[PDB]
Amino acid sequence: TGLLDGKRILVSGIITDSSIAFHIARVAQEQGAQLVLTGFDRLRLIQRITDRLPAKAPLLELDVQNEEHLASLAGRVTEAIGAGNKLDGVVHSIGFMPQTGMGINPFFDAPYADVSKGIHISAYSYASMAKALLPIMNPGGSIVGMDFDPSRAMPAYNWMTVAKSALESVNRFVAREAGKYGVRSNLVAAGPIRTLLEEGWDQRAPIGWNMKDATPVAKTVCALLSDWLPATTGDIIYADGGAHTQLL
Amino acid sequence: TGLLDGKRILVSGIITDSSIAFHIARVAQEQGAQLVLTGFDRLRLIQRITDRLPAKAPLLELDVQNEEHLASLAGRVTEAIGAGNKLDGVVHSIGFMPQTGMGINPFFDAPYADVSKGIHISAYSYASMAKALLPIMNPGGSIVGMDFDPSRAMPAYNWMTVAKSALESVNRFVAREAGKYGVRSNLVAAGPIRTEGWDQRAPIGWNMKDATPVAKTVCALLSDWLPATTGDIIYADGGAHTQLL
Amino acid sequence: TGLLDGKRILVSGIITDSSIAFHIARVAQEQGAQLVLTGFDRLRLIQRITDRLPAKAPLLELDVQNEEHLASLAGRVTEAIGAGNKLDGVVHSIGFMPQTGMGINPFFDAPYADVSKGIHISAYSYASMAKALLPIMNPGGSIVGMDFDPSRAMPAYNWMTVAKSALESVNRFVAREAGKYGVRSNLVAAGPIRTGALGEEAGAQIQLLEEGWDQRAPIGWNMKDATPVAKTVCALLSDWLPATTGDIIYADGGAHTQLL
Amino acid sequence: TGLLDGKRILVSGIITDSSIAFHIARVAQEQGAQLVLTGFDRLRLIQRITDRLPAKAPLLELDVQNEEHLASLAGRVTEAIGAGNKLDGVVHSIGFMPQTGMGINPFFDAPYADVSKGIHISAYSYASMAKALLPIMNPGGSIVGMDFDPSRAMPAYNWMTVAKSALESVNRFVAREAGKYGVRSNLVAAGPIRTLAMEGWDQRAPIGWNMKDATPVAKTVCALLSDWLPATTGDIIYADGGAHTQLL
Ligand SMILES: NC(=O)c1ccc[n+]([C@@H]2O[C@H](COP(=O)([O-])OP(=O)(O)OC[C@H]3O[C@@H](n4cnc5c(N)ncnc54)[C@H](O)[C@@H]3O)[C@@H](O)[C@H]2O)c1
Ligand SMILES: NC(=O)c1ccc[n+]([C@@H]2O[C@H](COP(=O)([O-])OP(=O)(O)OC[C@H]3O[C@@H](n4cnc5c(N)ncnc54)[C@H](O)[C@@H]3O)[C@@H](O)[C@H]2O)c1
Ligand SMILES: NC(=O)c1ccc[n+]([C@@H]2O[C@H](COP(=O)([O-])OP(=O)(O)OC[C@H]3O[C@@H](n4cnc5c(N)ncnc54)[C@H](O)[C@@H]3O)[C@@H](O)[C@H]2O)c1
Ligand SMILES: NC(=O)c1ccc[n+]([C@@H]2O[C@H](COP(=O)([O-])OP(=O)(O)OC[C@H]3O[C@@H](n4cnc5c(N)ncnc54)[C@H](O)[C@@H]3O)[C@@H](O)[C@H]2O)c1
């Protein structure tokens, strides 16, 4: 009997076998959660990657920028686990920022039309996903989305950082709204995962940080999807090896 | 002499006499500062507003959602202050958020498009004014923005907090760019300024019919008296954010 | 299985059956933990509270201002759990501050001697216990202490608020040390828990913090149930928050994340 | 003229001319304030150090660990500054922590008795000075303290960091009391400076940072003593070149 017995859990973000949405989904099922998976564009590719999970699940199409996808979303999830069954958990593990405002491109050279699409998919779609799903969730349930410490600036991360800071604010409001269903909303701020800054991360981490290992981040999302943190919401747990709390 | 003596400062945001920007300029001039100002929609009416500010200042047009105003800014300023002179300070007192994304209007019924218009103007616009004016700014310069503390969610402000949360991030990134020029970038988290509880939590009280202390603090950031603060946030809130109860 | 199975956890800070430490322990066992308890002063009276847990476990003396108690704690634990065995968890649920620096007493009227007793017991102890129990802990182990968000000033808490701020700083440092041993260090900030006797002002002021907490916490908050705090602590002691240390998890209904 | 013209202000912490208090005093005087100066032990050397200040100034004694120096503080100042008058500003720039609680000595080996003394001098004494000098403080006045960002652990600064976390907590509480007198209390969190015995900082700093130069800090402290940060209390202004706002 693992952490997630009898729990029906939605999981977005699976694109590659190296995705955090993958290791989270794999770990959930490894603990009893019966999963429902969602996918963005390459519907048939990620179908073949989900098949490599310990167990199979009703993968569903979900482009967060498409309004019809959200409207339908809820009722389609009902069809996959059977009507009169609701969701105990949901996982938002999605992000997107065009090269224009993220990476090597100067912070100033990023048009708003590029940034807004970055914030649409990475921040706003947290609320929108909650909106589409709360109605079909059970009390004592959990919504958990991916974060990356944005409280300070850095190279490359540029406007994605600004999207994460948008997310954090969005998390706190979704919590307000989510509380009416007896639902908790939290963010897991992870350390950098392969999918200077990383040689220093593992230094700063008092227990180390292995950027090739996404399992320690998944275990932490399962804890948030479990009943063992029933009094925390609108909040950020940090799975970065303790890096953020260490200057040098 | 004044605190902003012989520093040429740009001040946006003015729309009425209550307006944060209005008091900021007002004090800046009292502090011997030679100003430049920018206005948004009702340009014509806002000249009958800028008239009261002690001295005469060149009211240039600026719309942070308009790409052309931005490209022509440095040229429309450099000329206002005469070729050969650059700015020493920049003030962004600009915010907007459609009604659907605020107040009693549910959080989830805000269409992205409204929220997007709100981020562009309230958060992104800070980076775009910086891009436009860093090239014509002197070393020892200071850029400043108006912030409303978004660390915690609250009633009514809704997506504006999200725009404010985005704005604080952006600010840190503007500070990197401005560093290349020896120019600083900071926000001022103001308490309510009308355009009970706060007066309570605030150990020195708080008066939301009075914008001068907020206005004063924006002047300090423009001064040479905080030469080591950058990509940071100063609270002009009567210390309310520092008290639980 | 149980969430904490075959884990040898040392719990500290049980004085009455309302103690947070009593429910951390009560839950710990429901979830399979094998416990070693530490008690402070009235050592006889607390035996009679520990009896009434899910299961009887060894009570040990630990006056964390006694340097002798620390130098012998590790051997006394090892002895209680059997040679060859080591602790997998430690819980610091200890705190103290005189009426002088906490209550209706003016902030400026707490003589430094009292404050110092409070800081020793409420913050420094965390570094001592950690120092004493770390050499007998398995890699993967966990240390958690109880905290109460000192970020902002408030009425009454006064100098204990300062102790908590020092405790958070001491936590961050302890993490550095326990990491060598493969042990995580974390604190749990809990909303206020039932653990006008003071008077008109206090019975009101404090009646306002419990009116306010429920209000602000988006999933509400119950001043009478320490169970959700006990579950939070069990999740730090578990293998399901292994990437997190020197940090603070907030089991307070999410109230600290809301302004009103 | 000056920023602090004709303001009666006290300043503690001067032991050499490298001291942050010396440059806070120096600039305070370059701006036309009248100063009272306190000194811990080497009174005949802080004497000889202070001669070399823009204007001559009263140097009364004050070991903040002495109940009597504190008990007699208000009256000794009220004499130096003359009867009928009061202070407009107070500068706590005091801090100390035994060898044991810093540097190469292992964080676990500091006896509380050492930790305790350093918290007494660095953190607690701020409430004392506030307590001692507040009945002799005019409305619109201002208390300020020196801080080093203790929000994340680091090596070496060790137990002093715990003292600074405490001092910040103390700062917010001293503001409660200060407001009653119409006064503000604030810390200036400074970047490292070459003091008698006290890199990445100048790198992280968007505007860089020189640790042999304390003038930016004194300018900051003065800006808290001025009338130009009137809305700011219980808070912490960072004079560190934006360092803390960046990660790399
Ligand atoms: N990997 C890291 O180093 C790291 C660290 C901290 C946080 N994060 C965050 O974790 C989350 C997971 O990302 P990842 O690291 O696994 O990268 P990833 O590329 O594997 O996953 C990102 C996902 O976002 C999805 N996506 C993009 N646009 C979408 C849309 N319109 N609708 C639905 N889905 C869309 C992609 O399809 C993809 O599955 C992201 O939010 C990211 O910001 C990643
Ligand atoms: N009033 C407060 O309690 C308070 C508190 C903290 C922060 N602030 C911030 O201070 C700033 C100014 O607010 P205020 O209280 O002076 O109100 P205000 O009405 O006087 O100022 C708002 C300004 O936003 C400008 N604006 C909107 N859209 C624009 C666009 N497309 N292009 C250019 N300008 C545009 C308007 O012209 C106006 O000048 C805002 O950013 C606000 O968030 C206000
Ligand atoms: N009750 C709340 O709302 C609340 C909220 C947040 C945090 N906490 C924290 O939980 C912890 C325990 O609080 P509680 O509510 O269980 O109260 P409690 O009175 O039941 O526990 C305090 C414990 O400290 C122990 N103690 C005192 N002096 C000691 C000494 N020097 N050596 C060893 N132990 C000593 C006592 O024996 C007692 O068990 C404290 O750290 C407190 O700050 C309580
Ligand atoms: N230099 C830095 O890297 C740095 C950075 C941030 C903050 N600070 C802070 O600035 C403040 C002043 O230190 P500094 O950098 O000028 O170095 P410093 O050595 O020149 O100043 C230390 C002062 O503390 C005083 N002091 C010690 N015991 C005292 C006592 N019992 N009573 C009264 N005063 C006592 C000393 O007399 C001395 O004047 C300290 O609080 C320090 O922590 C320093």
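- The deposited coordinates, according to the entry record, derive from X-ray crystallography at 2.600 Å resolution.

- As annotated in the PDB entry, chain C is Enoyl-[acyl-carrier-protein] reductase [NADH] from Mycobacterium tuberculosis.
- Entered under Subunit in the UniProt record, the comment concerning chain C runs "Homodimer. Homotetramer."

- The name recorded for chain B in the PDB entry is Enoyl-[acyl-carrier-protein] reductase [NADH], from Mycobacterium tuberculosis.
- Taken directly from UniProt, the Subunit text for chain B runs: "Homodimer. Homotetramer."

Here we look at the overall build of chain C
Okay, step 1: If you tally the helices and strands in chain C, you get seven helices and seven strands.
Okay, step 2: Beginning at the N terminus, the succession of helices and strands in chain C can be written as β-α-β-α-β-α-β-α-β-α-β-α-α-β.
Okay, step 3: Relative to the compact-globule value of 18 Å for 260 residues, chain C shows a C-alpha radius of gyration of 18 Å, a close match.
Okay, step 4: In terms of principal-axis extent, the alpha carbons of chain C reach across some 55 × 40 × 35 Å.

Here's the deal with the overall build of chain B
Okay, step 1: For chain B, the count of helices and strands is eight helices and seven strands.
Okay, step 2: Over its C-alpha trace chain B gives a radius of gyration of 17 Å, about what one expects of a compact globule, namely 18 Å for 245 residues.
Okay, step 3: In terms of overall dimensions, chain B has a C-alpha envelope of 50 × 40 × 40 Å along the principal axes.
Okay, step 4: Out of the 245 residues in chain B, the part that is buried amounts to 65%.
Okay, step 5: On chain B, roughly 8,900 Å² of surface is accessible, and the fraction owed to carbon and sulfur atoms is 50%.
Okay, step 6: Each charge sign in chain B was given a centre, from 22 positive and 23 negative side chains, and these centres are 2 Å apart.

A word on the interface of chain D and chain A
Okay, step 1: If you look at the interface, chain D gives twelve residues, while chain A gives 13 residues.
Okay, step 2: When the two sides are added together, the surface that chain D and chain A hide from each other amounts to roughly 1,200 Å², 57% of it contributed by carbon and sulfur.
Okay, step 3: A per-residue breakdown of the area chain D buries against chain A is headed by D:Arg152, D:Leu247 and D:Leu248, which together make up 55% of the total.
Okay, step 4: Where chain D packs against chain A, one counts zero salt bridges.
Okay, step 5: On the surface where chain D and chain A come into contact, there are six residue pairs in polar contact.
Okay, step 6: Class assignment of the residues belonging to the side of chain D that touches chain A gives a composition of six nonpolar, four polar and two charged.

A closer look at the site of ligand 2
Residue and element names in this part refer to chain B.
Okay, step 1: Taken together, 25 residues form the shell around ligand 2, and within it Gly13, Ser19, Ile20, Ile94 and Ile193 come nearest.
Okay, step 2: Separating a nitrogen atom of ligand 2 from a side-chain N or O atom of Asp63 is a distance of 3.4 Å.
Okay, step 3: Across the complex, the protein chains shield 86% of the 830 Å² of accessible surface that ligand 2 would expose by itself.
Okay, step 4: Broken down by class, the residue content of the shell around ligand 2 amounts to 16 nonpolar, six polar and three charged.

A few points about the sheet that holds strand 7 (residues 247–251) of chain C
Residues and elements named next belong to chain C.
Okay, step 1: With parallel pairing, seven strands are arranged side by side in an open sheet as 3-2-1-4-5-6-7. Since the sheet does not close on itself, it has two edges, and those belong to strand 3 (59–61) and strand 7, each with one partner. Each adjacent strand pair in this sheet contributes to an overall mean axis angle of 25°, direction not counted.
Okay, step 2: Pairing analysis gives six bridges linking strand 5 (residues 137–147) to strand 6 (residues 184–190), with the strands arranged parallel. Bridge pairing in strand 6 links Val144 to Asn186.
Okay, step 3: Across the sheet, helix 3 (residues 67–81) is in contact with strand 1 (8–12), strand 2 (34–39), strand 3 and strand 4 (87–92); its angle to strand 3 comes to roughly 165°.
Okay, step 4: Sitting on the sheet, helix 4 (residues 112–133) is in contact with strand 1, strand 4, strand 5 and strand 6, with an inclination near 170° to strand 4.

Comments concerning the UniProt feature "binding site: NAD(+)" in chain C
Residues and elements named next belong to chain C.
Okay, step 1: Per the UniProt record, "binding site: NAD(+)" is annotated on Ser19, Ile20, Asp63, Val64, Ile94, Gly95, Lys164 and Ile193. For the annotated residues, spread through 175 residues, the largest C-alpha to C-alpha distance comes to 23.9 Å, inconsistent with a single compact locus.
Okay, step 2: With respect to the element layout, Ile20 can be found in helix 1 (residues 20–30).
Okay, step 3: Residue placement: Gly95 occurs in the loop between strand 4 and helix 4.
Okay, step 4: With residues up to four places along the chain from it excluded, the contact list for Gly95 reads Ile121, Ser122 and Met160.

Details of the interface of chain D and chain B
The extent of an interface is frequently quoted as the accessible surface area lost upon association of the parts.
Okay, step 1: Taken together, the contact between chain D and chain B spans 38 residues of the former and 37 residues of the latter.
Okay, step 2: Summed over both sides, the interface between chain D and chain B buries roughly 2,900 Å², with carbon and sulfur atoms accounting for 64% of that surface.
Okay, step 3: Considering only the side of chain D, the residues that lose the most area to chain B are D:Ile207, D:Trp228 and D:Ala231, jointly responsible for 25% of the buried surface there.
Okay, step 4: Taken together, chain D and chain B are joined by 13 residue pairs in polar contact.
Okay, step 5: Elements supplying a minimum of two residues to the side of chain D that touches chain B: helix 6 (158–180), helix 8 (215–225) and strand 7 (236–239) of chain D.
Okay, step 6: For the side of chain D that touches chain B, the residue count by class is 18 nonpolar, twelve polar and eight charged.

Re the UniProt feature "binding site: substrate" in chain B
Residue and element names in this part refer to chain B.
Okay, step 1: The residues that UniProt annotates with the feature "binding site: substrate" are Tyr157.
Okay, step 2: Mapped onto the elements, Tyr157 comes out in the loop between strand 5 (137–147) and helix 6 (159–180).
Okay, step 3: What makes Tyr157 partly exposed here is its relative accessible area of 24%.
Okay, step 4: In contact with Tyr157, not counting residues within four places along its chain, are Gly101, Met102, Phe148 and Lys164.

Observations regarding the pairing of strand 7 (residues 232–236) of chain B
It is a general feature of regular strands that their side chains alternate between the two faces of the sheet.
Residue and element names in this part refer to chain B.
Okay, step 1: With five of five residues buried, strand 7 lies mostly within the body of the structure.
Okay, step 2: Because side chains alternate across strand 7, one face comprises the buried residues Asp232, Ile234 and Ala236, and the other comprises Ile233 and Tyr235, equally buried.
Okay, step 3: Where strand 6 (residues 184–190) lies against strand 7, five bridges are found, and the strand directions are parallel. When the bridges of strand 7 are listed, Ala189 appears paired with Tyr235.

Topic: the UniProt feature "binding site: NAD(+)" in chain B
Residues and elements named next belong to chain B.
Okay, step 1: This chain's UniProt record puts "binding site: NAD(+)" on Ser19, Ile20, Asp63, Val64, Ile94, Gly95, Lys164 and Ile193.
Okay, step 2: Locating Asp63 in the fold gives a position in the loop between strand 3 (59–61) and helix 3 (67–71).
Okay, step 3: For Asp63, a relative accessible area of 18% corresponds to the buried category.
Okay, step 4: Discounting chain neighbours no more than four positions away, the residues touching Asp63 are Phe40, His69 and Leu70.
Okay, step 5: With respect to the helices, strands and loops of the structure, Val64 is situated in the loop between strand 3 and helix 3.

Some remarks on the site of ligand 4
All names here are of chain D.
Okay, step 1: Close to ligand 4 lie 27 residues, the nearest being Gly13, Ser19, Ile20, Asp63 and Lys164.
Okay, step 2: At a separation of 3.3 Å, an oxygen atom of ligand 4 approaches a polar backbone atom of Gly95.
Okay, step 3: At 3.1 Å, a side-chain N or O of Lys164 approaches an oxygen atom of ligand 4.
Okay, step 4: Alone, ligand 4 offers 830 Å² of accessible surface; in the complex the protein occludes 93% of this.
Okay, step 5: Going through the elements one at a time, strand 5 (137–147) and helix 6 are the ones with two or more residues in the shell around ligand 4.

Re the UniProt feature "binding site: substrate" in chain C
Okay, step 1: According to UniProt, the positions carrying the feature "binding site: substrate" are C:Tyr157.
Okay, step 2: Inspection of the secondary structure puts C:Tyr157 in the loop between strand 5 and helix 5 (160–180).

Description of the pairing of strand 6 of chain C
Residue and element names in this part refer to chain C.
Okay, step 1: Where burial is concerned, most of strand 6 is hidden: seven out of the seven residues are buried.
Okay, step 2: Every second residue of strand 6 is oriented toward a common face, with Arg184, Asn186, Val188 and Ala190 on one face and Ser185, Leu187 and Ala189 on the other, all of them buried.
Okay, step 3: Following the backbone out of strand 5, through helix 5 and into the adjacent parallel strand 6, one traces a crossover that is right-handed.
Okay, step 4: Taken together, the five bridges between strand 6 and strand 7 define a ladder with parallel strand orientation. Within strand 7, the residue paired with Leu187 across the bridge is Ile248.

So, helix 3 of chain C
Residue and element names in this part refer to chain C.
Okay, step 1: The end-to-end C-alpha distance of helix 3 is 22 Å, a good match for the 21 Å that 15 residues give at a rise of 1.5 Å each.
Okay, step 2: Of all the bends in helix 3, the greatest measures close to 40° and is centred on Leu73.
Okay, step 3: The set of residues buried in helix 3 consists of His69, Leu70, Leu73, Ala74, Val77 and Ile81.
Okay, step 4: Residues of helix 3 that are buried make contact with strand 1, strand 2, strand 3, strand 4 and helix 4.
Okay, step 5: Immediately downstream of helix 3, the backbone of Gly82 shows phi near 95°, a positive value.

The rules behind these values
Residues numbered from 1 in each chain as written, not as in the entry; some residues may be left out. Chains lettered and ligands numbered in written order. Heavy atoms only, no water. UniProt positions renumbered as here; feature names shortened; annotations may be inferred. Helix = DSSP H or I, 4+ residues; strand = E, 2+ residues; numbered from the N terminus. Rg over C-alpha atoms; globule rule 2.2 N^0.38 Å. Buried < 20%, exposed > 50% of the residue type's maximum accessible area, 1.4 Å probe, protein only. Areas by Shrake-Rupley, 256 points an atom, 1.4 Å probe, with all protein chains shown as cover. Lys, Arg positive; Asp, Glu negative; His and termini not counted. Charge placed at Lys NZ, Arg CZ, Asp CG, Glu CD. Contact = heavy atoms within 4.5 Å. Buried area = accessible area lost by both parts, 1.4 Å probe. Salt bridge = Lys/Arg side-chain N within 4 Å of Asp/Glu carboxyl O. Polar contact = N/O pair within 3.5 Å; in protein donor to acceptor, adjacent residues only side chain to side chain. Nonpolar A, V, L, I, M, F, W, Y, C, P; charged D, E, K, R; others polar. Near = heavy atom within 4 Å. Pairing = 2+ DSSP bridges. Axes fitted to C-alpha atoms, helices over the stretch in contact; angles between N-to-C directions. Right-handed = clockwise from strand over helix to strand, strands pointing away. Expected span 1.5 Å × (residues − 1). Bend = angle between axes of the 7 residues up to and from the residue.

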